[PDB]
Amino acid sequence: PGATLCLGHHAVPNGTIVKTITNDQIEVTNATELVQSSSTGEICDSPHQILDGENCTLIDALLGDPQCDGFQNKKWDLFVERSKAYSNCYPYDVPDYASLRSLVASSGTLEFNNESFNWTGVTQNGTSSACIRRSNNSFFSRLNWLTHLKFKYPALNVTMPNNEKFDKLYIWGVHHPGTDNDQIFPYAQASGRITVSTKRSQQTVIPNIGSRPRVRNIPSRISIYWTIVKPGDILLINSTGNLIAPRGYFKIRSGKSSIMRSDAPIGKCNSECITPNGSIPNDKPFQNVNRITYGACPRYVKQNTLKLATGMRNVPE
């Protein structure tokens, strides 16, 4: 008579297909997805400090466009710029715009200390019809538009030493007037010139009279430049006209901060990983949502799915 004893293993009615070294399709009892491929669509406001730029670029908030007055002295882990943003102050450009944007984004603060520059011999606080603050003609909050006093503009030669323990970041500019009339009216002489220097650096800028296509009815332009000044070093501004001057400096830090272009809304929720499509969970090691990420994120890969087997081969009955 006797007995029979059989060794065996389980199987399931609903197997899944995985790839192996020797076979692109083998069925296993169970598997798990290694690529994150979806977001809810919202950028979670925690645990990172999000600053929604809304109608403002980082640069506009930096320069102090009036609609960005709400941004004075703010900090961020991540600054979010919106595609609907637009400028509504004096037309400008920034040679190496991308680099200034990057270094501010990365510093992660708009903290601004005012400084009293000795601007004797000129009229301060120039304004315009293109930069409206509280219905009045105004200007960039962080910039100081200098014009003649009593139809005269002497050689400016102004110093500011950095005796602090941090770098100072100075933002300044040059007015390119639209016609010959707008070079003689505010500065009282045919040709401006600006020279911003330190012990280690010098930047010289020649203003350039001529019409540009009008932007918000204005055919002139401002060109923005920057200068970083170290401890023990000194800022020096020689100018003979056309100086758009600083009112002080920005603190430049180092840290974890950055900037991201996205139109995702901000949600009240907690998520370590932000993409431009929204926050994504970070349990999986890979993701195909976006190559642009911030925080503790899965790595971007081209694949849409990668199944890891978590069970034996499925051999149905």
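Numbers follow the displayed sequence, beginning with 1.
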Q) As stated in the PDB record, which stretch has the larger average Cα B-factor, 150 to 158 or 97 to 105? A) 150 to 158
Q) So 48 to 56 or 29 to 37, which one's hotter by mean CA B-factor in the entry? A) 48 to 56
Q. Per the PDB entry, which option out of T227, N238, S223, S83 has the greatest Cα B factor?
A. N238
Q) If you rank every modelled residue in this chain by C-alpha B factor, which third holds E111: lowest, middle or highest? A) middle
Q: Would you check the entry's CA temperature factor for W172 and let me know if it's in the chain's lowest, middle or highest third?
A: middle
(Q) Could you place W119 in the lowest, middle or highest third of its chain by Cα temperature factor, using the values in the record? (A) highest
Q | Chain-wide C-alpha B factor ranking for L78, given as lowest, middle or highest third | A | lowest
